[PDB]
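Structural characterization, general
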Amino acid sequence: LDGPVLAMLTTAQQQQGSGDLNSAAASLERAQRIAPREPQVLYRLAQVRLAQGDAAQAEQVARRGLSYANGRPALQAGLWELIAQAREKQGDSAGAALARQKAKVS
């Protein structure tokens, strides 16, 4: 396992788990300096932003992670569900259903 990326993920999850979504986001942006193309980093980053209520932001991060998630179906399913939840919180139930449709058949 790649230690540096995993260290930042681990640190991010400890911070999110503690209620410090700001630092978690900072830790995940530091993770990108090591792994700018890691969809799992983007997945967690989109989660933290979504948990902060920054839905439109989360959606674009998750949509970016998706472009790097090719041939990783469990992860693409996860990212689409995140995108659905981000559309929902933006008042968009059509784009949310269409996203959950892509999560179910990827």
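Residues numbered from 1 in each chain as written, not as in the entry; some residues may be left out. Heavy atoms only, no water.

Its PDB header names X-ray crystallography as the technique used to obtain the model and reports a resolution of 2.2000 Å.

The protein appears in the PDB entry as Peptidoglycan synthase activator LpoP from Pseudomonas aeruginosa.

Focus on the overall build of the protein
Operational definition: In DSSP terms, a helix is any run of H or I states spanning at least four residues, a strand is any run of E spanning at least two, and both are numbered starting from the N terminus. The atom set for the radius of gyration is the C-alpha atoms, and the globule formula is 2.2 Å times the number of residues raised to the power 0.38. To sort residues, take the accessible area from a 1.4 Å probe on protein chains only and compare it with the maximum for the residue type: under 20% means buried, over 50% means exposed, and anything in between is partly exposed. We call two residues in contact whenever any of their non-hydrogen atoms come within 4.5 Å of each other. Accessible surface is estimated by sampling points in the Shrake-Rupley manner with a 1.4 Å probe; for residues, cover comes only from the protein chains shown.
Within the protein, the regular secondary structure consists of 6 helices and 0 strands. Reading the protein from its N end, one meets helices and strands in the order α-α-α-α-α-α. For 106 residues, the compact-globule estimate of 2.2 N^0.38 gives 13 Å, and the protein sits close to it at 13 Å. For the protein, the spread of C-alpha atoms along the principal axes amounts to about 40 × 30 × 20 Å. The 106 residues of the protein split such that 41% are buried. Here the analysis covers contacts within the protein between residues at least 6 apart in sequence; of these, 44% occur between residues at least 24 apart. As presented, the protein carries roughly 5,800 Å² of accessible surface, and 49% of it is formed by carbon and sulfur atoms.

Topic: the packing of helix α3 (residues 39-51) against helix α4 (residues 55-68)
Cut-off, in case you're wondering: To get an axis, a line is fitted to the C-alpha atoms, and for a helix only the part in contact is used. The angle between two axes follows their N-to-C directions and goes from 0 to 180 degrees. Oblique is the label for any angle not covered by the other classes, which are roughly parallel (under 35 degrees), roughly antiparallel (over 145) and roughly perpendicular (65 to 115). Handedness of a crossing is defined here by the sense of rotation of the near helix relative to the far one, left-handed for an anticlockwise turn of less than a right angle and right-handed for a clockwise turn.
Between α3 and α4, the shortest axis-to-axis distance is 8 Å and the interhelical angle comes to 170°. When the axes of α3 and α4 are compared, the pair comes out roughly antiparallel. Considering only the axes of α3 and α4, their crossing is left-handed. Of the residues in α4, those touching α3 at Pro39, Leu42, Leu45, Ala46, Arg49 and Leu50 are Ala55, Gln57, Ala58, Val61, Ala62, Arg64, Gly65 and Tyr68.

Here we look at the environment of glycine 53
As for its position among the elements, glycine 53 is in the loop between α3 and α4. Since its relative accessible area comes to 55%, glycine 53 is described here as exposed. The spatial distance from the C-alpha of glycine 53 to the C-alpha of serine 27 is 18 Å, given a sequence separation of 26 residues.

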